[PDB]
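Engineer: Before I ask anything, here's the sequence and the deposited coordinates:
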Amino acid sequence: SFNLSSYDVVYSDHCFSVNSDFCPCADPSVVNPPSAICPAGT
Amino acid sequence: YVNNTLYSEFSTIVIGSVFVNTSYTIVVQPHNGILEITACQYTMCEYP
């Protein structure tokens, strides 16, 4: 979902770089944080 | 030299970042002397 108007130009402000191990959520067994199950590798 | 016929074959190598569907995985593969150099958005699994 990156919709906009017809004549609209979007430019980036900051560009972060991470390794191939970043999971966008935390571990589900540390709450006791919208966590969930992440795929293998991250 | 199966059936007195020369066959050539060796291992292959893949190059990418995450190997799911986003990065273009440059994978080469010989087919009995014919190389297959392709760069597509393949769907690599856990056990290739």
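Structural biologist: Arrived safely. Numbers count the residues shown, from 1 in each chain, chains lettered A, B, ... in the order given.
Engineer: and residue A:23, which of the three is it?
Structural biologist: Here residue A:23 is coil, with the state taken from DSSP: H, G, I helix; E, B strand; the rest coil.
Engineer: ok and the residue in chain A nearest chain B?
Structural biologist: Residue of chain A nearest chain B, by CB to the nearest CB: residue A:20 (5.3 Å). C-betas here are computed from N, CA, C, even on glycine.
Engineer: Could you verify my assumption that that residue touches residue A:41?
Structural biologist: Yes - counting by CB atoms under 8 Å, residue A:41 is a contact partner of residue A:20 at 7.2 Å.
Engineer: Give me the common contacts of the two.
Structural biologist: Residues touching both residue A:20 and residue A:41 by CB atoms under 8 Å, 6 or more residues apart in numbering or on different chains: residue B:18.
Engineer: end-to-end on stretch B:31-46?
Structural biologist: Distance across stretch B:31-46, first residue to last, is 24 Å (CA to CA, to the nearest Å).
Engineer: Residue numbers of chain B in contact with chain A?
Structural biologist: Proximity of chain B to chain A, by CB under 8 Å from any CB of the partner chain, involves residues B:17, B:18, B:46.
Engineer: got those as JSON lines, with neighbour count and secondary structure columns?
Structural biologist: As requested, the residues of chain B next to chain A are arranged in JSON lines below (neighbours: other CB atoms under 10 Å in any protein chain shown; DSSP: H, G, I helix; E, B strand; the rest coil):
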{"residue": "B:17", "neighbour count": "11", "secondary structure": "coil"}
{"residue": "B:18", "neighbour count": "14", "secondary structure": "coil"}
{"residue": "B:46", "neighbour count": "8", "secondary structure": "coil"}
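Engineer: need the helices for chain A, in chain order.
Structural biologist: Counting by DSSP state H, chain A has no helices to list.
Engineer: Once you drop chain neighbours, what's closest to the spatially most central residue of it?
Structural biologist: Closest residue to the average C-alpha location of chain A: residue A:24 at 4.9 Å, with CA atoms, centre = their mean. Leaving out its chain neighbours, the residue that sits closest to residue A:24 by CB to CB, 6 or more residues apart in numbering or on different chains is residue A:38, at 7.6 Å.
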